[PDB]
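The structure appears below as structure tokens.
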2 protein chains.
Amino acid sequence: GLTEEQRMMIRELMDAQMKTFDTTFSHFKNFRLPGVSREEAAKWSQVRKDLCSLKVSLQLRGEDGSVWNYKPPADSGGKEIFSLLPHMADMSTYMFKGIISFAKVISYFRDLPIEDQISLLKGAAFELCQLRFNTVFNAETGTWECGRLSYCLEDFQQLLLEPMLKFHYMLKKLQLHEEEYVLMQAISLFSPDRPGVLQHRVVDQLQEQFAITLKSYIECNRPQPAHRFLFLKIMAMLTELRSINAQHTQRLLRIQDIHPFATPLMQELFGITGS
Amino acid sequence: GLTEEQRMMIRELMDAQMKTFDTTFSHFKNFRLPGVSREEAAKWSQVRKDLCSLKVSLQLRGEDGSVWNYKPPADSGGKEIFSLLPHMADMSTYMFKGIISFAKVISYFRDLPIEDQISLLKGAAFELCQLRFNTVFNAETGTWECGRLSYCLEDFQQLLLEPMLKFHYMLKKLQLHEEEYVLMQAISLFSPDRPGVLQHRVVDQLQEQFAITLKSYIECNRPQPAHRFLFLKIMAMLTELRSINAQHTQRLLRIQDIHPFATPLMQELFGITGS
């Protein structure tokens, strides 16, 4: 079974998740909404391809019972493709704060040197955000249900070609427990190979314990023949999520280069100096 | 056939309509939108009944191709029933300006004394607004198509019980010409019996000429057995519209009494002194 140290480990992660994950998105407010050469040319063609990869409609359920719903414009070769960026930036900023709060609560993260905490956060923040959003993703309707907010994917099997969307569908299919999600966040956060990490003899030993715990958890609570190699499937997903993380980092920097949108917190995380 | 003076008459009304009716609602902007005792008690019960009589959903077509759509809240015994009032006030204010511009262009209206112009406008502005909105009303879908804006009625035959809605459906059924609409506006505007009218020996003779012209127009351009007594049907509608005008005046004053919403122009037209 799980050792004591492993039980303590899961308990603290679950506790950090409980304190820092606003699953109802109640405190996400004041967000913005869509209003009512040769080198540069190739930049826009790539930027355009970057944005049309994930098109979502947007719904606001009001506390009174009212419903606002937004349908995005079609690509007509203009700046209409940038309409949902300020809102998306506000949502990700809100999520980043939750992730940062998640890390700071954890003892294994507190005891790390401050320069490594920042390095680890910069490298895994996006990955932890995606892991948290998978928990509220509805694979039956292709919708991220975020409290009063919904993000429904726009119209089939060709949508599953986008690596980000394929990841959410495949991860949802595994039907993970809350403990297994928060362990994935831990393993991703304590990746010893983010750019700038110093105490990576320490971080690597920490990450190995989180993986061992996850493997031990599955073996104790999942005897079904449908959950064989589940641990290895999860670890393969984390590797894919890291790939997706690198893909999106380049996407954002290209978009930001021709059409600024990143919030101060986003700039800090993605190393933008503002100069 | 039509006399010369009658031809001149229709020409000037059509010209005034062409200049002051923004049928595409292009210049209607900066409007507000729904956000994201024993005596008083009976006041609210009446006010609540006044508001639920005409419930509409609201659509914004963006110039980029985007679509915002708003579903109103259900009546839950709170101030949620006042959500669409600021927007409605901005639309009616925009319409009133069009009607005022319509009147000032007309020579028969210019030559009236200034104290009678105000009196006539205060008494007929709402009626002329309704006449203009009937021209953009879609009876097949129960929707007022106002350029990039739509106002669709909320879900049957019981909706036809509301006098305002019954008026729009019945007037639309007559399939009037543009000339016949603008003549209805004239007859309504030059009603000699608005409160405060002085030169009503003059206004009455003016109104009679507009009616005679309308009757003459129909007899010259509508020989079909389906348009028999059409003139009399129209005149009966104008009488009903006057009734509806009085009904809505009381509605507004009750709502305004417990929940202020009227714009400065609306206050001026409905005699509110701001004191």
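Counting begins at 1 with the first residue displayed.
Header says: X-ray crystallography, 2.6 Å.
Note that Cβ sites are derived from N, Cα and C of the backbone, with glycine treated the same way.
The hyperforin binding site annotation in Swiss-Prot covers B:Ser92, B:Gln130, B:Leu131, B:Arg132, B:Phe133, B:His248 and rests on experimental evidence.
Taking the centroid of the Cβ atoms of B:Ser92, B:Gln130, B:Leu131, B:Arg132, B:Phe133, B:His248 as the hyperforin site, the other same-chain residues with Cβ within 8 Å of it are B:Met95, B:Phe126, B:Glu127, B:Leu128, B:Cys129, B:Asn134. Here the binding-site residues are B:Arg132, B:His248; the one with the fewest Cβ atoms within 10 Å of its Cβ is B:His248. Between B:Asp155 and B:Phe156, the deposited model skips 4 residues, and the Cα atoms of these two flanking residues are 6 Å apart. Binding residues for hyperforin (B:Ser92, B:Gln130, B:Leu131, B:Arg132, B:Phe133, B:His248) extend across at most 17 Å, taking the greatest CA-CA distance.
Around the Cβ of B:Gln130 (hyperforin binding site), a 10 Å sphere holds 21 further Cβ atoms from the protein chains shown. With 14 residues not built between them, B:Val36 and B:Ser37 place their Cα atoms 31 angstrom from each other. Around the Cβ of B:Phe133 (hyperforin binding site), the number of neighbouring Cβ atoms within 10 Å comes to 16.
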